[PDB]
Amino acid sequence: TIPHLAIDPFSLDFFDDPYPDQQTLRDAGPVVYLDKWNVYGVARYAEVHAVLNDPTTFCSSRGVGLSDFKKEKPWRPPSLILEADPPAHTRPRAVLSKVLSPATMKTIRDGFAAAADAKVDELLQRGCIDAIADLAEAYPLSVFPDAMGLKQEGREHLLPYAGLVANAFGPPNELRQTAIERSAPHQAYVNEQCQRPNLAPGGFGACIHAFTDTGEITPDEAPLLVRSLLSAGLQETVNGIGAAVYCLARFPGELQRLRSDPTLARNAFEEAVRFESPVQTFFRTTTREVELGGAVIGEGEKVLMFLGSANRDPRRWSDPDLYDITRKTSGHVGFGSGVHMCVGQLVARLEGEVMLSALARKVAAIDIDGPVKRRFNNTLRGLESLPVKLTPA
Ligand code: HEM
Ligand SMILES: C=Cc1ccc(C(=O)O)cc1
Ligand SMILES: [Cl-]
């Protein structure tokens, strides 16, 4: 009934070019079994969307990586957000939603935009730059840690900790083993910055700690909620911005459209998130026997959702492998779907929008002028290096 495949979606060969194997996973059937890791897989949009939107059956509190927290110890204390189910998830989620609210975005937008414009101006003085280290990485590093309220010292641990968290969702392969081996200095930095005295007034971290008296969270939960905002989002935003620059370089007709109407900036970034899907996969664990795509899945089974594949499923998308900055992107699952849908999505979209706006107004051409290098991670997709020449408008 259920097809069994030997594809390892966490292998370096797969990461190097996942798209043929993602088609094989989709076309084999609505539900597959991955013999390499003894998990179920869903790679089409329909089943991925269904699983995300049924959290009672496909829970998160047994872990959203390969490891089942009912069988193994989590590598770190469980997130109060990502690794919780309703109702325990609900009020901590509401706090993070209010910390990263539309009102907060209105407070920080002008500064985020000015820093994007300044970065592009600076890069145009150099001409030939690395669009990852110098742009996709440098810009979020120039706005998000400050908006968090982090001190200057130690910020070099942020992206390593981000990569560690994402690697630790994966199976016990070399990427995961090496990440955990290197983890201690990054973990020690992150956990210390989560304490209230270390978060500057008015920033995201201070606002979490100020939200500890409403009956939604307690003071002893605020450190782990700050940890969520230091564990998630930064590398994804970097990878999304880097993918946008890569697409604007490889599809120059789309840069020409963006230049002609800079108000396409927000959707140009949203399309890059669909196209690249910085988070490629997430797991759920079944809490009961369930029918999914004609398959009967027992209790306590891990289900691997292919977000990137769902965002390129031709059953749902026209020309899914094309970068189209006017595509109707609504419904893509690059940020998830349902009750866990990325609580930081407004921050990521703000950063991506204002960077692409700066490019749209200031840059006439983006030409790849050096070897492109991929960064490997068990669950994140993104480039390591993207040498480009920027021509000013
Ligand atoms: C392009 C950028 C981003 C992408 C692709 C992305 C991806 C995702 C996805 C797919 C989920 C769903 C997790 C699940 O269903 O189990 C998620 C949740 C989450 N993200 Fe993001 N994210 C991004 C940016 C951010 C940012 C900027 C932040 C913080 C400021 C952030 C913090 C979080 C948190 C805390 C959660 C957990 C939400 C919950 O479980 O209710 N993310 N993200
Ligand atoms: C989507 C990635 C992600 C990683 C960590 C956390 C967390 O630590 O709460 C949330 C989301
Ligand atoms: Cl940790």
Side-chain angles (χ1 to χ4, degrees), residues 48-49 51-53 55 58-61 63-65 74-86 88-90 92-97 99-100 104-105 136 140 143-145 147-148 157 161-169 179-180 183-192 194 204-205 208 223-244 269-270 272-284 305 307-308 310-311 332-353 379-382:
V48 166
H49 187 274
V51 170
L52 288 164
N53 281 280
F58 302 97
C59 82
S60 296
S61 63
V64 293
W75 74 276
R76 60 168 189 169
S79 168
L80 299 182
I81 311 280
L82 181 76
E83 289 155 349
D85 299 320
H89 166 263
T90 301
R93 164 76 186 214
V95 172
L96 284 191
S97 290
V99 165
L100 306 179
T104 305
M105 300 304 104
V143 287
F144 179 80
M148 274 299 299
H157 292 288
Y161 189 77
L164 156 69
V165 167
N167 268 324
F169 294 127
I180 285 169
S183 60
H186 313 308
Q187 174 170 310
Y189 160 84
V190 163
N191 285 328
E192 186 54 34
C194 291
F204 301 155
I208 292 170
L224 277 205
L225 245 74
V226 178
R227 195 192 72 176
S228 283
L229 296 192
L230 303 183
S231 310
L234 197 58
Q235 190 68 64
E236 298 93 311
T237 304
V238 170
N239 294 354
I241 294 175
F269 180 71
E270 199 72 17
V273 172
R274 175 202 71 84
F275 181 96
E276 175 85 324
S277 293
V279 183
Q280 287 276 296
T281 56
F282 256 118
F283 289 91
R284 300 295 197 250
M305 303 171 297
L307 304 183
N311 286 335
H332 81 82
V333 294
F335 292 110
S337 185
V339 303
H340 291 274
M341 189 170 68
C342 183
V343 76
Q345 59 180 312
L346 305 187
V347 176
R349 289 177 173 139
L350 174 60
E351 292 179 72
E353 172 190 3
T379 60
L380 296 183
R381 173 172 171 92

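Atoms within each ligand, like the ligands themselves, are counted from 1 in listed order. When a residue number appears, it is its place in the shown sequence, counting from 1.
Backbone and side-chain nitrogen or oxygen atoms of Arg227 are examined, and none is located within less than 3.5 angstrom of a nitrogen or oxygen of ligand 2. Considering both main-chain and side-chain atoms, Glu236 never comes within under 3.5 Å of ligand 2 through any nitrogen or oxygen pair.
Annotation for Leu225 and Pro92: closest pair CD2-O, 3.8 Å, computed over non-hydrogen atoms. Closest approach of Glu351 to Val143, counting heavy atoms only: OE1-CG2, 3.8 Å. Scanning both residues, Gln345 and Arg349, for their nearest heavy atoms gives OE1-NH1, 2.5 Å.
When hydrogens are left out, the protein atom nearest atom 2 (C) of ligand 2 is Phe282 CZ, 3.7 Å; that is the closest non-hydrogen contact. Closest to atom 3 (C) of ligand 2, if we only count protein heavy atoms, is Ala232 CB, 3.3 Å.
Those atoms of ligand 1 with a heavy atom of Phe144 less than 4.0 angstrom away are 30 (C). Ligand 2 places these atoms under 4.0 Å from at least one heavy atom of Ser79: 7 (C), 8 (O), 9 (O).
Neither the backbone nor the side chain of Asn239 comes within 4.0 Å of ligand 1, counting heavy atoms alone. Proximity of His340 to ligand 1, defined as any heavy-atom pair under 4.0 Å, is shared by backbone and side chain alike. With a heavy-atom cut-off of 4.0 Å, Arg381 does not touch ligand 1 at all. By the criterion of a heavy-atom distance under 4.0 Å, neither the backbone nor the side chain of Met341 is placed next to ligand 1. In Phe204, neither the side chain nor the backbone holds a heavy atom less than 4.0 Å from any atom of ligand 1. When non-hydrogen atoms are compared, ligand 2 lies under 4.0 Å from the backbone of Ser228 as well as from its side chain. By the criterion of a heavy-atom distance under 4.0 Å, the side chain of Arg76, and not its backbone, is placed next to ligand 2.
Under the 3.5 Å distance criterion, with hydrogens and angles disregarded, a donor-acceptor pair is assigned to the side chains of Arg76 and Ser231.
Among protein atoms, those of element N, O or S found less than 2.8 Å away from atom 21 (Fe) of ligand 1 are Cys342 SG.
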